Amino acid sequence: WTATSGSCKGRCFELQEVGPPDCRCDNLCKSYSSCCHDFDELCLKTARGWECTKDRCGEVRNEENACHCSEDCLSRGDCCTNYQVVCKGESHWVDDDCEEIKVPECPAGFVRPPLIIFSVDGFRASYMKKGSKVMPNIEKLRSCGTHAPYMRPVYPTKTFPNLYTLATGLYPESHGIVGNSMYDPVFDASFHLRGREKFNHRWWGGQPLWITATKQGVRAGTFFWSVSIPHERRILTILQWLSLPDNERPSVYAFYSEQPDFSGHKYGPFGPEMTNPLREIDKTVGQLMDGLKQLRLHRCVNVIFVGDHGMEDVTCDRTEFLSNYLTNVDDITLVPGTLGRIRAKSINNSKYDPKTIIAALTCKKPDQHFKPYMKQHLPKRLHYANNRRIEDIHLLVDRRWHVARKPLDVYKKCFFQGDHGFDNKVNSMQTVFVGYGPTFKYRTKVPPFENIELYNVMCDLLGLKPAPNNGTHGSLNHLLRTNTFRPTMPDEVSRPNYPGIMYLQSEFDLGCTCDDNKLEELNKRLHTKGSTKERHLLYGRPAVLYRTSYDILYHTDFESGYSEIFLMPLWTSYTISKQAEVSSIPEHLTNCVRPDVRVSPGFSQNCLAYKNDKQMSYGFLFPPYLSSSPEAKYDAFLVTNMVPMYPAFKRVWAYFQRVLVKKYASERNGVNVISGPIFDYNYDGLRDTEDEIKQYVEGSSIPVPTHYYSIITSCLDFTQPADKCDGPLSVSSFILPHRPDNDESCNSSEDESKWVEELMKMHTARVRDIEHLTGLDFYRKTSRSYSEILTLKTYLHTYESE
Ligand SMILES: *[C@@H]1O[C@H](CO)[C@@H](O[C@@H]2O[C@H](CO)[C@@H](O[C@@H]3O[C@H](CO[C@H]4O[C@H](CO)[C@@H](O)[C@H](O[C@H]5O[C@H](CO)[C@@H](O)[C@H](O)[C@@H]5O[C@H]5O[C@H](CO)[C@@H](O)[C@H](O)[C@@H]5O)[C@@H]4O)[C@@H](O)[C@H](O[C@H]4O[C@H](CO)[C@@H](O)[C@H](O)[C@@H]4O[C@H]4O[C@H](CO)[C@@H](O)[C@H](O)[C@@H]4O)[C@@H]3O)[C@H](O)[C@H]2NC(C)=O)[C@H](O)[C@H]1NC(C)=O
Ligand SMILES: Cc1nnn(Cc2cc(C(F)(F)F)ccc2CCC(=O)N2CCN(Cc3ccc(S(N)(=O)=O)cc3F)CC2)n1
Ligand SMILES: [Ca+2]
Ligand SMILES: [Ca+2]
Ligand SMILES: [Cl-]
Ligand SMILES: [K+]
Ligand code: NA
Ligand SMILES: [Zn+2]
């Protein structure tokens, strides 16, 4: 019940929302059908349009007008945004030469530059270039301020998950808005775009910026706007709030536009009908900037122009139907479209088996335009598993396609030519970022970055301490003139042991066998003390950020941090120069595993466990193929370099080690590789403790990794070799799932040169993703600034073209 007989006189767009059955005048009241009777009349005036004209100049104030051209309007803060242009001979902001804003130039009484976030739904990254002739305000923001060529959204590349990620710095799995549509089985409740259940706060985790601001004493405008409030009214309201008295005036604001997303769905991302929406957005920006300039706020406010996601070409004819794969198609519920999520229609149905559904959806048609996954097998870079609202079965859908349950669902609902929601590395899903103002840099281009990083920066812009989030705070310090956040390296928690020779051969009963001078004896000892370690450990040893027991093991060709708990290296580091040679494994050594005399039998793997485990085999972290000499090659067969590997996974690993590492070294002028295992049994994106491990090599305490990582580092300036690099680094990494089959790659019966590299690209990762998963901290000893290293650790090599 709403007693809509209260009134909105003097309460229009009130910042504190009032509690039913008192009626509402806030910018969401329309959406809850709860505005006071007089809201439209008082708060949504439109009389006489949105622009002063010569004749209106000087007029007698008439409170019915949408905006005013009287003399008193400035002090009231309710002039039309073009008043001074039309009535005082001033220029439009867009026509002014840009000038560096070295310091905030704010009116007295401002305690900090305000921040205005101008968010645009579906504003694809390439619009900045391709629409540049029709968006002159936006292009001035872009060229005069700080911009990225594009900004990476989060998966799924839908509106609500992305707006709320922008607001909180959290991955959807952590904030809870995992799609535009959702079932929570604990609530036994559904969430949709349409309707009331999305207004319930229990859907919305973390702490978004407006609440972070409020709790720390910074006042916030209301970010949300009901769809019927026209854009011109949203701008005027923001400008009005900015005219408020110091003790009431907010410091942070958001504008939101439904365009160009709304048109993009109907006409496609580059439909000729898309030029007008782009013009209109630009004109709204112009109105804001002119408005700010009238209030002398145009060199005082920080403005963020940001999108939630892009837009791709998609039509009804490009639909895969699950009815063409499953006989049982009515025993499932599909969340459909540009992704799929599948659960049972009924939990009472005990014959529903996700495994058989997955198999019926796997590599069934030669050009199949979706790929099914258990959520935990999705690429780790998507961070899309650790929420009860994300279904166990997921369909990653090819760009340009839709998935539906049955054909009736498509023609009983062609309408659309644009959609989004695909994989967040797809170019068409990329969006924009521009920062303009005293706190942003001047005429600066920054590299692409992910939208999870912005919450921290908006916090920095407002002098706030951010709630705990998934950004890496400092990785965007290079966007800012000042208010940088100066982080320190996390402290190492466990220090390594440096074991020497302590055990005799005959103390090992491992079931392992191997067919195996004073100048070259002193030599191999000094390789076991770490004489070549400057070569193989280029960026310092990783710091272990939890409590555990481990050993640093030196060798001629590689260095490792060996875990006595997990019985294998946490990391293995080695450098392969451009000049290096690949050799094969000689025959006498094919099944050779050698005891490591620095590590007790009791902290070693054994070969007999692998012999008895019919499913599990083993591989090596430092590849024997890249040994520097026949004598060094013996070190690669130490038991302490061994890790558990399914035969299906060895195909991948072997090809990566034998072929690809040499290739990258050749193309990048040497590489440093750090590889190791990852244990994420509960798919939370975080390092598992021992008691979380669900699988061991049969009959042993040898835990099985869920994934294998490698971090491949070289000199950004590739004319310098990786091991003699003076400047910025360049990195690519991956987190390969450790799977007993290659069902994920439909062409895996072919030669590895046709599918392995493609799999690795799919499983590209940020170093930061690996850190979370391992509890290690990399690049501790470089000659680069820590902020620069943080940027590098957040880098994702995506493998899309320009
Ligand atoms: C991205 O960044 C985020 C934020 O930093 C990271 O997520 C954090 O991860 C932390 C570590 O896993 C986690 O810390 C836990 O907090 C528990 C209390 O949490 C509540 O309070 C916080 C703070 O106010 C609040 O934000 C939480 O909100 C979550 O849950 C509600 C659902 O009710 C949602 O509305 C909301 O969206 C959010 O959901 C997400 O998080 C939860 C987990 O917290 C997930 O399950 C969801 O899927 C979703 O992803 C909470 O209301 C605290 O209880 C935990 O403590 C247990 O484990 C510790 C280990 O130290 C142990 O010492 C304790 O004994 C305790 O165990 C007891 O309970 C167990 C479970 O019932 C039981 O098994 C034991 O036997 C014990 O009895 C833990 O300290 C933190 O909450 C989240 N924060 C957020 C916002 O998600 C995320 O890791 C980052 N991602 C990456 C890849 O880096
Ligand atoms: C989603 C979402 N997450 N955060 N925002 C806020 C946000 C964040 C950012 C910024 F970029 F800065 F983060 C920029 C702009 C915005 C505003 C987006 C917006 O006006 N709309 C129109 C209204 N719909 C419906 C809607 C209505 C009500 C609610 S409530 N609070 O009552 O439960 C939830 C709703 F979804 C959402 C989009 N939107
Ligand atoms: Ca959107
Ligand atoms: Ca985990
Ligand atoms: Cl969805
Ligand atoms: K075996
Ligand atoms: Na296959
Ligand atoms: Zn959309």
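Cut-offs used in this document
Residues numbered from 1 in each chain as written, not as in the entry; some residues may be left out. Chains lettered and ligands numbered in written order. Heavy atoms only, no water. Residues with missing side-chain atoms left out of burial classes, pairs and counts. Near = heavy atom within 4 Å. Polar contact = N/O pair within 3.5 Å; in protein donor to acceptor, adjacent residues only side chain to side chain. Areas by Shrake-Rupley, 256 points an atom, 1.4 Å probe, with all protein chains shown as cover. Helix = DSSP H or I, 4+ residues; strand = E, 2+ residues; numbered from the N terminus. Nonpolar A, V, L, I, M, F, W, Y, C, P; charged D, E, K, R; others polar. Buried < 20%, exposed > 50% of the residue type's maximum accessible area, 1.4 Å probe, protein only. Contact = heavy atoms within 4.5 Å. Donors = N, O, S within 2.8 Å, 3.2 Å for Na, K, Ca; no water. Core = buried A, V, L, I, M, F, W, Y, C linked by side-chain atoms within 4.5 Å. UniProt positions renumbered as here; feature names shortened; annotations may be inferred.

For this entry, the PDB record names X-ray crystallography as the structure determination method and reports a resolution of 2.0600 Å.

Taken together, 14 residues sit near ligand 1, with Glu173, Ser174, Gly205, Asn386 and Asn470 positioned nearest. Contact between ligand 1 and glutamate 173: an oxygen atom at 2.6 Å from a main-chain N or O atom of the residue. Interatomic distance of 2.9 Å between a backbone N/O atom of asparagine 386 and an oxygen atom of ligand 1. In isolation ligand 1 offers 1500 Å² of accessible surface; the protein chains occlude 33% of this area. At 3 residues, helix α7 (residues 172-175) tops the list of elements feeding residues into the shell around ligand 1. Grouping the constituent residues of the shell around ligand 1 by class yields 3 nonpolar, 9 polar and 2 charged.

Right, let's talk about the environment of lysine 364 for a bit. Structurally, the position occupied by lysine 364 is in the loop between α12 (354-360) and β12 (370-374). Relative accessible area serves as the criterion here: at 46%, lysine 364 is assigned to the partly exposed category. Spatially, the C-alpha atoms of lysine 364 and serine 132 are 44 Å apart, while their sequence positions differ by 232 residues. Not counting chain neighbours up to four residues away, the residues in contact with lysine 364 comprise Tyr325 and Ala359. A polar side-chain atom of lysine 364 sits 2.9 Å from the main-chain carbonyl oxygen of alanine 359.

Take the coordination of the calcium ion (ligand 3) next. The coordination sphere of the calcium ion (ligand 3), as far as protein atoms go, consists of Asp121 (OD), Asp121 (OD), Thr159 (OG1), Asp308 (OD) and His309 (NE2), spread over 1.8 to 3.2 Å. Positions of the donor residues of the calcium ion (ligand 3), expressed as sequence spacing, correspond to D-x37-T-x148-D-H. The metal-metal distance between the calcium ion (ligand 3) and the zinc ion (ligand 8) comes to 4.5 Å. Of this pair, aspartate 121 sits in strand β1 (residues 115-121) while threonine 159 sits in helix α6 (residues 159-168), and the two are 38 residues apart along the sequence.

Turning our eyes to something else, we now look at the coordination of the potassium ion (ligand 6). Coordination sphere of the potassium ion (ligand 6), protein contribution only: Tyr610 (O), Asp613 (O) and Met616 (O), at 2.3 to 2.4 Å. One chain supplies every donor for the potassium ion (ligand 6), spaced along it as Y-x2-D-x2-M. With respect to burial, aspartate 613 and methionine 616 carry one shared label: buried.

The element helix α21 (residues 786-794) is largely enclosed, with a buried count of 7 among its 9 residues. If you check which residues of α21 are buried, you get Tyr786, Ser787, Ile789, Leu790, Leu792, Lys793 and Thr794.

As a further point, take the nonpolar core. One finds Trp653, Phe656, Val661, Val671 and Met760 to be the most contacted residues of the largest nonpolar core, which totals 56 residues. Per-element tally for this core: the top contributor is helix α18 (residues 647-668), with 9 residues. In terms of nonpolar packing, the next biggest core, distinct from the first, is built from 51 residues, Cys23, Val134, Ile235 and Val301 among them.

The next thing to look at is the UniProt feature "binding site: Zn(2+) 2" in the protein. With numbering matched to this structure, UniProt assigns "binding site: Zn(2+) 2" to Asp261, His265 and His420. Positionally, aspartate 261 belongs in helix α10 (residues 261-267). On the basis of relative accessible area, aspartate 261 is assigned to the buried category, the value being 9%. Each residue touching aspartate 261, except ones within four places of it in the same chain, is listed here: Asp121, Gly122, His309, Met311 and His420. Summarising the element assignment, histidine 420 is placed in the loop between β15 (418-419) and β16 (433-436). Residue classification places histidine 420 among the buried positions, given a relative accessible area of 3%. If near-sequence neighbours (up to four positions away) are discounted, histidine 420 is found in contact with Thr157, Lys158, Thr159, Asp261, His265, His309, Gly310, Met311, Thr338 and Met429.

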